[PDB]
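Asks: Can you look at this? It's an experimental structure, sequence on top.
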Number of protein chains: 4
Amino acid sequence: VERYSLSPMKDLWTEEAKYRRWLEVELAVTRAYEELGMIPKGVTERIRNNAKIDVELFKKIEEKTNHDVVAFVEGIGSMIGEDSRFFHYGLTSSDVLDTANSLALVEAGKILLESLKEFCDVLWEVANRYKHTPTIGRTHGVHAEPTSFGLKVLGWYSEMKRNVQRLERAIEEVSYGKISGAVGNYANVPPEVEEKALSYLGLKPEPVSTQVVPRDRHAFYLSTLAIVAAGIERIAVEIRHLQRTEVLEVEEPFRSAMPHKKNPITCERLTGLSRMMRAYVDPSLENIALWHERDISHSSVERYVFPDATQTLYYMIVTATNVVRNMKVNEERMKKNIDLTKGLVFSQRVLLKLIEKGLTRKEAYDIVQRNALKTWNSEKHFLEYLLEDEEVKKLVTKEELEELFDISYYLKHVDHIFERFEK
Amino acid sequence: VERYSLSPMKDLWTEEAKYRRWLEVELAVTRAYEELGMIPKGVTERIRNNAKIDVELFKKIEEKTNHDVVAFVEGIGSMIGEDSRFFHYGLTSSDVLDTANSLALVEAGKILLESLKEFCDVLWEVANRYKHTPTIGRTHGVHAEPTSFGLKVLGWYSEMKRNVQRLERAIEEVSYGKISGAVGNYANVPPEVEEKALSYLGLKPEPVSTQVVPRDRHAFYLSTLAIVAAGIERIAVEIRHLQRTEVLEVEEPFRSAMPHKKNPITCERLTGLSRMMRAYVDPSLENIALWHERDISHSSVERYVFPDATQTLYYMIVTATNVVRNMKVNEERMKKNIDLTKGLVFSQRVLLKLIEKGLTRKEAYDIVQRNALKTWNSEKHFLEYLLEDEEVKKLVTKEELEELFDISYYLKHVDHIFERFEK
Amino acid sequence: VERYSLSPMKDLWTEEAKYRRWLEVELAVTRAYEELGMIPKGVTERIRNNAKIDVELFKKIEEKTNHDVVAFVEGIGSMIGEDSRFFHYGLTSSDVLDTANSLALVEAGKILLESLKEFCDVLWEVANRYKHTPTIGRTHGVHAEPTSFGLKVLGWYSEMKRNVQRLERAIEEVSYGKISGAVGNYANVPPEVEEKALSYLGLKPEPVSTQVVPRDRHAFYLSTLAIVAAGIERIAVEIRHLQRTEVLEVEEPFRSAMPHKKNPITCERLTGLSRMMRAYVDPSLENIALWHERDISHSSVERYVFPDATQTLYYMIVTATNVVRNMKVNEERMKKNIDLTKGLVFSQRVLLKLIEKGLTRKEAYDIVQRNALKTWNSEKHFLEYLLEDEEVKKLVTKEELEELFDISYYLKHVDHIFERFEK
Amino acid sequence: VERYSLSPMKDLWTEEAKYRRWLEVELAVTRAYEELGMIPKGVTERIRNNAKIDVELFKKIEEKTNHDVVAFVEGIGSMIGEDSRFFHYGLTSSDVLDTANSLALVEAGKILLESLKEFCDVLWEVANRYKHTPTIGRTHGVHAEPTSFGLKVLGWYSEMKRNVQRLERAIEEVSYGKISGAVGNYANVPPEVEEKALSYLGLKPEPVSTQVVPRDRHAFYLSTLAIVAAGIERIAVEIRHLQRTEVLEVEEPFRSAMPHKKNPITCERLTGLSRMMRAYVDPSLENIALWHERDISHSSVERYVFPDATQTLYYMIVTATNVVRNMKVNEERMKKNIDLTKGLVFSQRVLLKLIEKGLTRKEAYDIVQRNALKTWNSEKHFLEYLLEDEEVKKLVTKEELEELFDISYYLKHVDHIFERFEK
């Protein structure tokens, strides 16, 4: 794990950061009471001045207390003297816990969103750089028709922009806390305190909560994270295919190294991390069916999944940004790979042209097949066989024949497509 | 499976419905060409009049062809005579396949959305009916504080309304087809044909496609379906708990039956179907990383998951609607269950009241604990013990003591919460 | 789905086959009571002669009964006259259901196991056929060191022989039924009736059951099935890579076709079916935690998973067997692919030889790197560059150089490895 | 995570313990070469005396090397002087990595297995302690028929004894390393060195490896781990249900506490940890299909799963053992809960007795239903209503009636079932 904790994301998930979120919540709540005239003026400022985050103290108290937030509430109690009457007043532990996890997931979502937007900018730049670079399109791993390498990157760009909007909605979904007390009905803490306290944190009130924020929001967020990761996985698998020794179209950045031993190690790592990101979706979905007004089975799951899902995805986005930013792209090898089958890429164009000139689907098909076959089993090109085919010679001119091998045919609509992403 | 195929949803997924979607696509495409002046006037109308869906013919041709859409294209070919020149013109098979699955998933999404909205109306009605019905709030399966049964149903209502908006976005995500030919670059079919043909189907053009519509859209849709199902699972588990013999607060509708043998069979079934819905998420997510401009590994997955996920969820929503619509709710038993622990539900109120009147947290706590203990181990009530406690007798009046047992305390903010959902 | 239902597996999962298993269970149970003297002599043969599988009757009765096994018990009841006193006597529904599913899963396991052993025989045959066929070993998709193609097939053989054993244990695990009545404590049917009835069916008694056979047995079985599928998935991904245009070492069987358009469609299908097989594992694992002496949430999951997992794996085994049996293996291409990097595959042998002859690891490495580079960026071979390197010329003879390019170094232990599988 | 790392399991997964396993592998390999006469006598002891685990050195070298095992090989190299010629000789990195992970998973398996056997001993003890404790059996959460509480614990015992055996096979499955070099064909290190080196470590040779030990072995192991976890999850959900306020039959150990606020927090935790354990299964299964002779996508997954799955299960086994060892069992409450429905638990015996005495199934059923109804809606017992029923009065004696309410009918075979586990 520590392998991919990267700053800013990993600073979110220390024990200090967590206790500071709990204090933030507690201070928003005393502030809300005080602004409503419900506790004396001055309480919040004094608790702000005297409450310190002391991790060892809270952990020592927790040894005796066996309860994380009660230990915190007493630890803070021992620094704030008389003001402890007004601290954690009416709250249940999950008011603090779940509001603090909204804070963390919203912030993690924002870090993720900024790095994602940055991945989009790099993908847009790389797609425009190779906008007109010819490459062979491949279906079932088999040469199909010519295309451009910028258009392939644009498909990745297109997918990551759908993920920017998805990530914005997942941030919205998790932007809800609760300050509603034991079973969520404001018996011990007024709903006006909740509304003020959460607006100071940048959060909204869960419209109806139980003891807990409903876990379908978290499952939505984490399902969105797994889908972002699988798009990065699609990119990573492409580059693994393109860096294989028989292809050599692209090379992921590295580190003088042996030219024949450049392994796509980073993209293999990305593929494995995507497997982990989708692994967290299932446990988040059966966190949803909590018993009544809550059970705590989700808590242990979330200790793994919140920190690991958001730190792994962050590492995936930053790493894949660097891979696409700095990968070597071998344009001449791309172009050369179009001629690997020696013209047989243009074999549909040749087939149709024989139907145009009179022949029936089957008639044309047999002429192309025989030429294909000879091309495939030898060293001469498809075109050179077609030109010498007598049946072809009485139906098609030679200038007609040669123009069917123009790559620009496959390429006439690339700008049309790029233009859909402009402006 | 056939157990839960219900009309309208199951009519979507027959072989006839599929072939009709393929014809719909094909007709939108000839229409687009003809409206653009690219094929003669009259072609579409004549293909519309002569193309019949003949499932046995297509399947017989497929025996020879070994390819589903080629067999279809030839079957239709044999009915439409000369017009077959202009039919399926420039298309790749996945233009038809994936555009037809957008049609199916958008329509399935709309059927699902209407039944979901209807579930929301029933939940809103049931929540307002029991708005002020007292029930005991339960955390860790343990009596916590009083609450209202309408507020519990409102939490379900709140969750299903978040799922209506989620379902709308999932319908949007899947509203994209492609008419872009072999590797998605319009080499064989102009992008103006795509744009016209898909607007007649109510769909949008994938802004950049490969041979296929990118599979992250389908994974998003199906992840949303699994989250809707897990909310239905939360409801179903609640009712199972509430129909157990020691609780008897709610009874799912059934079918004169034995009163002691009413089993929550439907809600158990709902819980199992939610397990299947979340099971489809993982295969949809590794459908995303297709090789290059496509591989066909996703096709076999989607033969299971599109029809099964959308028919299971539809059955879940209709069944859970009926369960909530017609379930028996035992209000007097709910109210009686509040007094099961004989007043000990109000034990925090009693504790705080002793701190108010001078005592320290620990001092108060020991008085409540001893009374709790005596109450727990006997048949007299908490209140009756408190009244006779001397330490309590010198700190608290008896009218003070009795008012701490008012249920209306737990209940002062129920209308505030319901009002968040009005208007 | 129907796409891959293949005889004999799909005959297991009809409604008829299910009711036949129910009767088989019922007849074993009457036989057991009769042999113990608990019901009159002759009952079992009479019920055997009279009791007919009438699917439409049972479904008509179920319309009114709303209970599948009750409807069956009554339908059989209407055919067997006075002997209905002795039929289904003391049983709970899940005595019949779960015992019938053990029969099905055992027999499914056996059909799976015989096709698997047959897949092993084909793998052994193909591996021995290419025992000594040179091929380039590939790590990270990059040419590593020479090996044999039979050795690669052997690793697949070794994996499926581990699965044969795993399948035999999974059969063992599911060989347990129950005839123990409502909560599994033999209050209504004697344990000696259970023991006799299940030994007639070839099954063992769950040593302690509740109302149900414990679902960890089924989860273990389905987990083993998903493991077998992923080994098929490893094989199918190798053939996809090897059939790509730039590689052409292997070609899956098909159907005269275009030589350049041979797509690995069956293998991509096998990949997608492997994803469904692993998807069924999670739902099976959470069927395990049934509430108390049972809930029925697992029933609905098992209507999908039992038939779908066994039929999909059966399809995968039979199809992969035909793929490996009939695939074309291009040996000259495999041998030719070793020289793609023009000798650089032997570059570690060259490096070590320079350390042998005095040089330090870094010294040797720089000579190899420079020659590698020159080879990589040109058309001359590594050897030709080494021979002309003066630093190399004074440390190594030419005959010492050339013999580092012998493939038989890489193959000396092929024969030791096959030997481990013999006898 | 650190929450549940417990000695001895967490000592397995430090960086130090990992480098120690790497050295252990390296020393087995030098020992094997030396015993075969291939390197001078004395090398192994010298490398043993000199080779120190220096985590910070290896990490500093790795900063420059960017390769974990290379950095290790060099760091050891700087301590062992001239013997570095003989160290790591012919090995590929994954000879050390995968052999070291077999050591770890074997030893983890053994720690797991000893705590599991200990969980079985506690279960056997608790089951025998309540062998004859009457309790109500529950199906669909609804009172069914009386049984014994020891019988329920026996079913848990039976499940964990099946897991002991499953754990022994999973240990066997992962007992394979490799010392076969870059593509697993012993080109660079002899197979007799592998055989000797692995028998010193207690391991067997993968019969054919590629660059890596095949990942179906690890997926089988982790699948067995998730099965063991779900059986713990079945137990923990039972204790949650039994500790609910309306039931009070059992109370998990804790920490004087409030008697009404005893929450089943450990059991809810065990439930959530079971969800993480099953989440690791899917990522392990798709690690299986590595490309060719390996890709490294699995490495990153295994950095999470190996340590997390073995430590979480270890925590679950030890904690569930303490739960079952120390939980309070309320026998009088269990016995009292049988009479909750005031005799209606014996209603099938009454029904059958009326058919015995002449009546038809429907006739008998209506008498029982009417009395059931009256019992259900009042405070008088079923028996008292039956005795006063005139139709009952003319078919059944009072002593014939009362003895249908004997609990020993339900318990006669408890003793036969425990006997199956003896000896």
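Replies: Cool, got the structure. Residues are numbered from 1 along each chain as shown, chains lettered A, B, ... in the order given.
Asks: Tell me which helix or strand the residue nearest to residue A:316 when sequence neighbours are not counted sits in.
Replies: Nearest residue to residue A:316 in three dimensions, chain neighbours excluded: residue A:232, at 4.9 Å (CB to CB, 6 or more residues apart in numbering or on different chains). C-beta coordinates here come from the backbone N, C-alpha and C atoms, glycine included. Applying DSSP states H and E as the criterion places residue A:232 in helix A:216-243.
Asks: Which strands or helices does the next helix or strand along the chain from that helix pack on?
Replies: Going down the chain from helix A:216-243, the next helix or strand is strand A:250-251, by DSSP H and E. In terms of contacts (3 or more CB pairs under 8 Å, 6 or more residues apart in numbering or on different chains; DSSP states H and E), strand A:250-251 is packed against helix A:216-243, strand A:328-329.
Asks: Could you tell me which strands strand A:250-251 is paired with, and in which direction each runs?
Replies: strand A:328-329 (antiparallel) (DSSP bridges).
Asks: and the following helix or strand past the strand it pairs with with helix A:216-243, angle?
Replies: Sequence order places helix A:331-338 as the next helix or strand after strand A:328-329, per DSSP H and E. Counting by axes from the mean of the first three to the mean of the last three CA atoms, to 10 degrees, helix A:331-338 lies at 80 degrees to helix A:216-243.
Asks: and helix A:331-338, C-alpha only, in CSV?
Replies: Provided in CSV are the C-alpha atoms of helix A:331-338 (Å, rounded to 0.1, in the frame of the first residue of the first chain):
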residue,chain,number,x,y,z
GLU,A,331,4.8,7.4,-35.8
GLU,A,332,6.9,5.8,-38.5
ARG,A,333,6.4,2.3,-37.0
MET,A,334,2.7,3.0,-36.8
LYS,A,335,2.6,3.9,-40.4
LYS,A,336,4.8,0.9,-41.4
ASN,A,337,2.5,-1.4,-39.4
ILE,A,338,-0.4,-0.5,-41.8
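Asks: hmm, back to that, could you identify which of the helices and strands packed on strand A:250-251 is most buried?
Replies: Of all the helices and strands packed on strand A:250-251, helix A:216-243 carries the top mean neighbour count, a mean of 26, counting by mean count of other CB atoms under 10 Å in any protein chain shown.
Asks: and the stretch 201-350 of chain A, which residues reach chain D?
Replies: A:240, A:255, A:265, A:268-269, A:271-273, A:275-276, A:278-280, A:282-283, A:286-287, A:291, A:295-301, A:303-304, A:308 (CB under 8 Å from any CB of the partner chain).
Asks: Now with 7 Å, please.
Replies: A:265, A:268-269, A:271-273, A:275-276, A:279-280, A:282-283, A:286, A:295-301, A:303-304 (CB under 7 Å from any CB of the partner chain).
Asks: And the helices and strands packed on strand A:250-251: which comes nearest residue C:192?
Replies: Residue C:192 sits nearest to helix A:216-243 of all the helices and strands packed on strand A:250-251, at 50.2 Å, using CB to CB.
Asks: wait, residue A:157 sits on residue A:127?
Replies: Yes: if you go by CB atoms under 7 Å, residue A:157 and residue A:127 touch, sitting 5.5 Å apart.
Asks: so what's residue A:176 bridging to?
Replies: Under the criterion used (DSSP bridges), residue A:176 bridges to residue A:204.
Asks: Residue of the stretch 51-200 of chain A nearest chain D, please.
Replies: residue A:66 (7.0 Å; CB to the nearest CB).
Asks: need the contact list for that residue.
Replies: Each residue near residue A:66 by CB atoms under 7 Å, 6 or more residues apart in numbering or on different chains is listed here: residue D:255.
Asks: tell me how far stretch A:304-319 is from the chain's mean position?
Replies: Relative to its chain's centre, stretch A:304-319 lies at 9 Å (CA atoms, centre = their mean, to the nearest Å).
Asks: My reading is that residue A:275 is in a helix; is that accurate?
Replies: Yes: under DSSP: H, G, I helix; E, B strand; the rest coil, residue A:275 falls within a helix.
Asks: can you count the residues close to the closest residue in space to residue A:393 that isn't next to it in sequence?
Replies: Counting by CB to CB, 6+ apart, residue A:393 lies nearest to residue A:387, which is 7.5 Å off, once chain neighbours are set aside. Neighbourhood size, residue A:387 [other CB atoms under 10 Å in any protein chain shown]: 15.
Asks: Same check on the one 4 residues further on?
Replies: When neighbours are counted by other CB under 10 Å, residue A:391 registers 15.
Asks: now residue A:105
Replies: Count around residue A:105 with other CB under 10 Å applied: 25.
Asks: quick one: buried residues of stretch A:369-382?
Replies: For stretch A:369-382, the neighbour count (16 or more other CB atoms under 10 Å in any protein chain shown) marks A:369, A:371, A:372, A:373, A:374, A:375, A:381, A:382 as buried.
Asks: which residues sit in contact with the third one?
Replies: Contact partners of residue A:372, counting by CB under 7 Å, 6+ apart, are A:344, A:347, A:382, C:258, C:259, C:260.
Asks: I'd like the next helix or strand past the one helix or strand it maps to.
Replies: According to DSSP H and E, residue A:372 maps onto helix A:361-376. Heading C-terminal from helix A:361-376, the first helix or strand you meet, by DSSP H and E, is helix A:382-388.
Asks: So chain A: which segments form each domain?
Replies: A:1-91, A:92-341, A:342-422 (curated CATH domains).
Asks: and the gap between the residue nearest the centre of chain A and chain D?
Replies: Nearest to the mean C-alpha position of chain A, by CA atoms, centre = their mean, lies residue A:228 at 2.5 Å. Counting by CB to the nearest CB, to the nearest Å, the gap from residue A:228 to chain D is 17 Å.
Asks: How much space separates that residue from residue A:274?
Replies: As judged by CB to CB, to the nearest Å, residue A:228 and residue A:274 stand 9 Å apart.
Asks: Please apply the same query to residue A:56.
Replies: On the measure of CB to CB, residue A:56 and residue A:274 end up 38 Å apart.
Asks: Have a look at those two and say which one is more surrounded.
Replies: residue A:274 (32 against 9).
Asks: my guess is the more buried one meets residue A:231, correct?
Replies: No: using CB under 7 Å as the test, residue A:274 is too far from residue A:231 to be in contact (8.8 Å).
Asks: Quick one: name the residues of chain A near chain C.
Replies: A:140-143, A:240, A:243-247, A:256, A:258-261, A:263-265, A:268, A:282, A:286, A:340-341, A:344, A:347, A:369, A:372-373, A:376.
Asks: please redo it, this time with the cut-off set to 8 Å
Replies: A:138-143, A:240-241, A:243-247, A:256-265, A:268, A:282, A:286, A:337, A:340-341, A:344-345, A:347, A:368-369, A:372-373, A:376-377.
Asks: Reformat the helices and strands packed on strand A:250-251 as a markdown table; add distance to residue B:205.
Replies: Shown next, in a markdown table, are those (distance: least, CB to CB, whole Å):
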| stretch | distance to residue B:205 |
| --- | --- |
| helix A:216-243 | 20 |
| strand A:328-329 | 28 |
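Asks: got a list of what the residue of the stretch 301-423 of chain A found nearest chain C touches?
Replies: At 3.9 Å from chain C, residue A:376 is the closest residue in the stretch 301-423 of chain A, using CB to the nearest CB. Going by CB atoms under 8 Å, 6 or more residues apart in numbering or on different chains, residue A:376 touches A:341, A:344, C:259, C:260.
Asks: Appreciated, that's everything.
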